[PDB]
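J.: For reference, the structure I am asking about is given below.
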Amino acid sequence: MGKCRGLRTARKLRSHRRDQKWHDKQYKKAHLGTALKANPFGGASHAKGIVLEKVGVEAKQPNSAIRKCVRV
Amino acid sequence: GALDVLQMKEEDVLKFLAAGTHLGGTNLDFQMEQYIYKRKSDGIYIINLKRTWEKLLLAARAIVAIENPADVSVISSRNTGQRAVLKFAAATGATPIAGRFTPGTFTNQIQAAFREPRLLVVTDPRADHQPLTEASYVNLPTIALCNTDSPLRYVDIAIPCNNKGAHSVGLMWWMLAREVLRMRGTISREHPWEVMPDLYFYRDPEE
Amino acid sequence: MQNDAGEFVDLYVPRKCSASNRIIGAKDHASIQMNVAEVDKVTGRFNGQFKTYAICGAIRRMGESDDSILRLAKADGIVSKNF
Amino acid sequence: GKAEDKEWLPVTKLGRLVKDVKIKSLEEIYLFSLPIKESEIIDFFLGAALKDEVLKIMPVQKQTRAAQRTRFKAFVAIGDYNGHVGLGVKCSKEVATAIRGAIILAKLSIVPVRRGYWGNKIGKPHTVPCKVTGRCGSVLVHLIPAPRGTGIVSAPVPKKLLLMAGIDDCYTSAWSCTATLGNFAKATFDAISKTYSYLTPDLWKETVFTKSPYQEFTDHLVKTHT
Amino acid sequence: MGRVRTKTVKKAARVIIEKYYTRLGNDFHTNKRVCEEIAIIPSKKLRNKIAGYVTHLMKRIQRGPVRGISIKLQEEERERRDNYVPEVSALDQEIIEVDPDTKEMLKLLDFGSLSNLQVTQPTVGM
Amino acid sequence: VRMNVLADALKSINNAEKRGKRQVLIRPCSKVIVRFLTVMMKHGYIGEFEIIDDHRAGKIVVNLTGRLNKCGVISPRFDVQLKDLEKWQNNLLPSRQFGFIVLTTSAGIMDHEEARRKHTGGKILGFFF
Ligand SMILES: [Mg+2]
Ligand SMILES: [Mg+2]
Ligand SMILES: [Mg+2]
Ligand SMILES: [Mg+2]
């Protein structure tokens with residue numbers, strides 16, 4: 001319903017885009033730093049570990065099976 | 001026309017003022033504004049006659065140019081115009097439609113009432129709107145007699161007149177027959193016509 | 001429409017309306033080709049030659065072909081002046 | 001064996017002047033913007049080249065006291081590859097008759113498309129004459145000229161009408177819920193139909209006015225079939 | 001109850017009347033035999049119902065004409081009234097006369113005889 | 001307020017072309033409007049035009065043909081420098097065979113086809129096709 005078109009408004013446009021990028025989900029997730037901390041991998045693709053004991057995760061209602069996961 | 005053989009004569013202005021054809025309605029619409037002379041002291045508009053005459057001769061010039069006389073279908077739905085269209089179709093060989101219209105007669109290729117005209121004359125744009133709306137589907141021009149409060153949508157040659165009273169409507173159809181028959185050849189000018197306008201008037205059930 | 005050799009490469013040349021100069025498409029089932037007659041200038045009888053007018057669907061739908069034909073005729077001696 | 005098929009006894013004034021050889025091409029029909037109401041007018045002029053294609057069959061249905069009452073909707077595209085194209089759609093109870101009634105509408109809606117040159121006019125126009133747009137209920141289709149040899153840069157569905165219309169090169173774009181094939185196809189057909197309804201400085205020469213086919217053949221129509 | 005006739009009965013009776021108008025009278029026991037001899041009704045109950053509706057239609061055609069049956073005798077009385085009649089004359093008196101602003105209009109197209117005038121109260125409803 | 005006079009002159013011309021009008025009146029007049037109209041008329045998109053002169057800014061009456069399809073303004077007057085010009089006339093124009101871009105150069109208000117013919121950039125004003 002309105003955006004400044006004028007010739008000396010580069011600062012307003014640039015600052016508004018920079019301010020509003022922080023509402024995109026993936027942008028914030030990648031540039032904040034909370035996900036890299038909460039990620040059980042250190043930001044890596046793979047990881048080695050030790051098996052504590054095997055477990056029997058039961059699948060969600062429309063299916064029925066016992067998925068046989070492990071605890072690492 | 002610009003000429004003198006086609007100019008209005010004193011004998012016809014008396015027919016006009018006798019039938020009352022100059023007497024308009026109470027409401028005006030912004031498309032009929034060029035046909036009005038001036039609004040009376042009481043709220044009623046006078047139709048300009050010289051303008052009625054030119055639009056009537058333009059309609060005659062549009063009808064004469066059609067070669068087959070039998071695809072100039074003429075329509076009337078109100079009770080005042082039925083005898084007039086029946087007599088107009090008799091005098092010059094059009095095909096009349098009085099009464100209901102039975103929608104789809106122009107756009108339906110099954111019906112037995114399906115015809116394909118090349119012109120369309122009509123008594124009253126605001127009472128025979130179905131033929132206009134259907135002509136708007138098959139590339140069909142239209143001539144129409146307009147009161148001062150007639151909506152000029154889908155009409156192509158409006159003829160201004162009092163459209164309400166029976167004498168006016170019959171007189172207009174009679175004059176339209178006179179001028180097509182005159183300029184097609186046939187009943188040549190410098191003679192009165194055998195038919196009197198009263199053969200074209202509404203019956204208005206009698207004694 | 002031509003090309004650099006000069007020939008005309010086109011399916012057809014559509015007609016244009018006589019009141020608004022916009023072309024008349026191939027599926028405009030509201031446009032007309034009103035044809036009016038010419039009289040013989042002395043006895044006021046029809047003689048062959050006649051004039052033709054095209055009106056597009058849009059300006060016919062807005063209720064303006066009536067006062068457009070009147071102008072196309074008055075411009076052209078069918079009515080001369082003093083309507 | 002038996003022979004002598006005598007189908008197509010016409011029911012309209014145009015069917016008469018078409019079946020009788022009086023009328024030459026459907027360009028003379030398009031020039032006067034007449035409505036074509038018989039599917040044999042098309043097969044008279046075209047027909048040896050019109051190839052049809054079933055774009056989609058789509059099962060729709062109404063809920064009912066007893067049931068869900070399903071019936072199928074067929075989208076068919078048709079057209080010879082040299083400047084004519086059409087697109088029809090019919091909903092019927094069984095597929096075999098929907099696909100047959102849709103070809104009739106696809107043939108009845110055939111329009112002529114205009115082709116132009118991109119850079120210079122060497123011969124045999126190859127692309128659209130200008131940027132055109134077309135809509136059908138929140139589906140916008142943009143057609144843009146392209147140099148010779150680029151092909152058709154578009155989605156699968158518009159690059160099935162664009163081919164049939166006779167266009168060799170085109171840049172296309174869409175910005176919409178294009179996943180609904182009905183609106184996508186109808187918007188592409190609309191963009192193609194707007195190609196002859198675009199005033200262009202070569203279309204500025206005043207119109208020479210010809211006789212309508214109904215005025216020229218009045219004498220025939222007066223008694224050619226009865 | 002019922003006694004409402006069906007379209008198969010009404011259409012049959014209308015056709016029977018519209019063709020054999022002059023053989024049908026006002027009594028039922030003769031119309032029954034007439035319709036029996038002119039048509040083929042494949043039942044006797046249907047024959048009686050058709051012949052009973054024919055009588056009820058005939059009792060009406062003797063009055064003003066109905067709007068679904070067209071006969072010859074009742075068309076002449078329309079035709080011979082749609083052609084001119086001495087009840088009508090010309091324009092009733094050819095000395096019809098006008099008000100001002102019409103004479104002011106007629107003056108602008110060169111008219112000059114046989115008229116009158118009047119001026120009203122100066123606005124509506126006074 | 002009326003920040004931009006040319007913008008509303010061109011939008012009022014274009015709103016009437018969509019309507020079939022034979023003439024428009026546009027006000028106030030200005031030096032740049034008359035030059036843009038002269039450029040648009042030299043090619044044949046509009047007919048003659050008349051300037052009505054009050055003792056103030058004035059008014060113009062334009063005779064509209066039916067040839068104009070769209071005329072319009074570019075809202076900030078950007079600088080255009082004979083290399084951006086191709087990328088500009090690939091956004092604004094509908095084809096490569098017709099339609100013009102109007103720009104003000106130090107040699108007057110002209111079109112792109114003359115700008116390249118005289119080797120000059122300038123500021124973009126608008127376009128018509
Ligand atoms: Mg928030
Ligand atoms: Mg989330
Ligand atoms: Mg995202
Ligand atoms: Mg989706």
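Numbering starts fresh at 1 for the residues of each chain in the structure tokens, the chains themselves are lettered A, B, ... in the order given, and ligands are numbered from 1 as they appear.
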List every residue of chain C that DSSP, applied to the backbone, labels as alpha helix (DSSP H), and write the result as an MDAnalysis selection string.
T.: chainID C and resid 57:61 66:74
J.: Please extract the residues at most 12 Å from ligand 2, counting only C-alpha atoms and all ligand atoms, and provide them as a ChimeraX atom specification, using the chain letters and residue numbers of this document.
T.: /A:23-29
J.: Could the residues in this selection be written to a file with N, CA, C and O atoms, as a tab-separated table (two decimals), in the first residue's frame?
T.:
chain	number	residue	atom	x	y	z
A	23	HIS	N	12.58	-12.06	9.82
A	23	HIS	CA	11.32	-12.75	9.99
A	23	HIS	C	11.18	-13.98	9.11
A	23	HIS	O	10.26	-14.76	9.31
A	24	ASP	N	12.08	-14.15	8.14
A	24	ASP	CA	12.17	-15.40	7.40
A	24	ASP	C	12.68	-16.49	8.32
A	24	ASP	O	13.68	-16.31	9.02
A	25	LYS	N	11.99	-17.64	8.32
A	25	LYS	CA	12.32	-18.69	9.28
A	25	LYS	C	13.72	-19.23	9.05
A	25	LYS	O	14.54	-19.27	9.98
A	26	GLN	N	14.02	-19.66	7.83
A	26	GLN	CA	15.30	-20.31	7.57
A	26	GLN	C	16.47	-19.34	7.70
A	26	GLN	O	17.54	-19.72	8.18
A	27	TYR	N	16.27	-18.08	7.30
A	27	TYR	CA	17.33	-17.09	7.45
A	27	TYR	C	17.71	-16.92	8.91
A	27	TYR	O	18.89	-16.95	9.27
A	28	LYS	N	16.71	-16.73	9.78
A	28	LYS	CA	16.99	-16.57	11.20
A	28	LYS	C	17.60	-17.83	11.78
A	28	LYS	O	18.54	-17.76	12.59
A	29	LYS	N	17.10	-19.00	11.38
A	29	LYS	CA	17.64	-20.25	11.90
A	29	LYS	C	19.11	-20.41	11.53
A	29	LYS	O	19.90	-20.94	12.31
J.: Using only C-alpha atoms, which chain E residues lie at most 7 Å away from chain B, written as a ChimeraX atom specification?
T.: /E:83-84,90-91,96,122-124
J.: Any chance you could export the current selection's N, CA and C atoms as a short mmCIF file (atom, residue, chain, number, x, y, z; two decimals), in the first residue's frame?
T.:
data_model
loop_
_atom_site.label_atom_id
_atom_site.label_comp_id
_atom_site.auth_asym_id
_atom_site.auth_seq_id
_atom_site.Cartn_x
_atom_site.Cartn_y
_atom_site.Cartn_z
N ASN E 83 -58.80 -5.90 -39.62
CA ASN E 83 -59.07 -4.94 -40.69
C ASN E 83 -59.96 -3.80 -40.18
N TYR E 84 -59.79 -2.60 -40.73
CA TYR E 84 -60.45 -1.37 -40.26
C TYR E 84 -61.97 -1.56 -40.05
N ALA E 90 -61.02 8.35 -39.10
CA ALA E 90 -59.66 8.91 -39.11
C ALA E 90 -59.22 9.37 -37.71
N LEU E 91 -58.13 10.14 -37.60
CA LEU E 91 -57.85 10.96 -36.41
C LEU E 91 -59.14 11.72 -36.04
N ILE E 96 -56.76 19.22 -34.25
CA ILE E 96 -56.01 19.03 -33.00
C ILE E 96 -55.04 20.19 -32.78
N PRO E 122 -48.02 27.53 -12.12
CA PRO E 122 -46.58 27.51 -12.44
C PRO E 122 -45.73 26.32 -12.01
N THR E 123 -46.21 25.35 -11.21
CA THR E 123 -45.50 24.07 -10.98
C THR E 123 -46.42 22.95 -10.47
N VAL E 124 -45.98 21.69 -10.63
CA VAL E 124 -46.72 20.45 -10.35
C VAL E 124 -47.46 20.50 -9.02
#
J.: Which of these residues is nearest to chain B, using only C-alpha atoms: D:12, D:180, D:68, D:120?
T.: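 Counting only C-alpha atoms, the residue closest to chain B is D:12.
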J.: Show me, as JSON, numbers by chain, the residues that have an atom within 8 Å of residue 3 (chain C) when counting only C-alpha atoms, minus same-chain residues fewer than 2 positions from it.
T.: {"C": [1, 5, 6, 7, 8, 9], "D": [121, 122, 123]}
J.: How would the residues just picked look written out with N, CA and C atoms as a PDB file, in the first residue's frame?
T.:
ATOM      1  N   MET C   1       1.117  -6.423 -42.497  1.00  0.00           N
ATOM      2  CA  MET C   1       2.348  -7.062 -42.049  1.00  0.00           C
ATOM      3  C   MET C   1       3.117  -7.674 -43.214  1.00  0.00           C
ATOM      4  N   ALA C   5      11.606  -9.133 -47.643  1.00  0.00           N
ATOM      5  CA  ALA C   5      11.446  -9.391 -49.067  1.00  0.00           C
ATOM      6  C   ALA C   5      10.281  -8.607 -49.653  1.00  0.00           C
ATOM      7  N   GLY C   6       9.217  -8.413 -48.879  1.00  0.00           N
ATOM      8  CA  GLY C   6       8.130  -7.561 -49.316  1.00  0.00           C
ATOM      9  C   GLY C   6       6.755  -8.196 -49.278  1.00  0.00           C
ATOM     10  N   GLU C   7       6.691  -9.525 -49.309  1.00  0.00           N
ATOM     11  CA  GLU C   7       5.402 -10.202 -49.346  1.00  0.00           C
ATOM     12  C   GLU C   7       4.624  -9.954 -48.061  1.00  0.00           C
ATOM     13  N   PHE C   8       3.344 -10.311 -48.087  1.00  0.00           N
ATOM     14  CA  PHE C   8       2.476 -10.160 -46.928  1.00  0.00           C
ATOM     15  C   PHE C   8       2.241 -11.518 -46.287  1.00  0.00           C
ATOM     16  N   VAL C   9       2.758 -11.691 -45.076  1.00  0.00           N
ATOM     17  CA  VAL C   9       2.658 -12.944 -44.341  1.00  0.00           C
ATOM     18  C   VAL C   9       1.674 -12.709 -43.203  1.00  0.00           C
TER      19      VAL C   9
ATOM     20  N   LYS D 121      12.848  -9.346 -40.379  1.00  0.00           N
ATOM     21  CA  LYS D 121      11.775 -10.014 -41.107  1.00  0.00           C
ATOM     22  C   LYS D 121      12.347 -10.719 -42.332  1.00  0.00           C
ATOM     23  N   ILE D 122      12.878 -11.920 -42.128  1.00  0.00           N
ATOM     24  CA  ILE D 122      13.484 -12.691 -43.207  1.00  0.00           C
ATOM     25  C   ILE D 122      12.488 -13.579 -43.940  1.00  0.00           C
ATOM     26  N   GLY D 123      11.368 -13.940 -43.321  1.00  0.00           N
ATOM     27  CA  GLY D 123      10.394 -14.791 -43.973  1.00  0.00           C
ATOM     28  C   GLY D 123       9.832 -15.851 -43.050  1.00  0.00           C
TER      29      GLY D 123
END
J.: Would you list the residues that come within 10 Å of ligand 4? Count only C-alpha atoms and all ligand atoms and give the answer as a VMD selection string.
T.: chain D and resid 176 to 180
J.: Convert the current residue selection to file output with N, CA and C atoms, as a PDB file, in the first residue's frame.
T.:
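Done, and the output landed in part04.pdb:
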ATOM      1  N   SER D 176       1.086 -18.020 -10.383  1.00  0.00           N
ATOM      2  CA  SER D 176      -0.252 -18.445 -10.000  1.00  0.00           C
ATOM      3  C   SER D 176      -0.313 -19.811  -9.338  1.00  0.00           C
ATOM      4  N   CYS D 177      -1.527 -20.232  -8.980  1.00  0.00           N
ATOM      5  CA  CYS D 177      -1.811 -21.635  -8.686  1.00  0.00           C
ATOM      6  C   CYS D 177      -1.977 -22.353 -10.020  1.00  0.00           C
ATOM      7  N   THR D 178      -0.848 -22.581 -10.685  1.00  0.00           N
ATOM      8  CA  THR D 178      -0.835 -23.182 -12.009  1.00  0.00           C
ATOM      9  C   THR D 178      -1.087 -24.681 -11.985  1.00  0.00           C
ATOM     10  N   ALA D 179      -1.212 -25.286 -10.805  1.00  0.00           N
ATOM     11  CA  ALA D 179      -1.397 -26.728 -10.730  1.00  0.00           C
ATOM     12  C   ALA D 179      -2.781 -27.164 -11.179  1.00  0.00           C
ATOM     13  N   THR D 180      -3.747 -26.250 -11.239  1.00  0.00           N
ATOM     14  CA  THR D 180      -5.070 -26.568 -11.769  1.00  0.00           C
ATOM     15  C   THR D 180      -5.017 -26.457 -13.285  1.00  0.00           C
TER      16      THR D 180
END
J.: Which residue, C:68, C:21, C:47, C:31, has the smallest gap to residue 185 (chain B) when you use only C-alpha atoms?
T.: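 Going through C:68, C:21, C:47, C:31 one by one, the smallest distance to residue 185 (chain B) is for C:47.
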J.: Mind checking which residues fall within 8 Å of region 42-59 of chain F, counting only C-alpha atoms, ignoring those fewer than 3 positions away in the same chain, and posting them as an MDAnalysis selection string?
T.: chainID F and resid 25:30 38:39 62:65 67:68
J.: Kindly provide, as a count of residues only, the residues of chain C having any atom no farther than 9 Å from an atom of chain D, counting only C-alpha atoms.
T.: 32
J.: Could you check which of A:9, A:2, A:22, A:54 is closest to ligand 1, using only C-alpha atoms and all ligand atoms?
T.: A:22
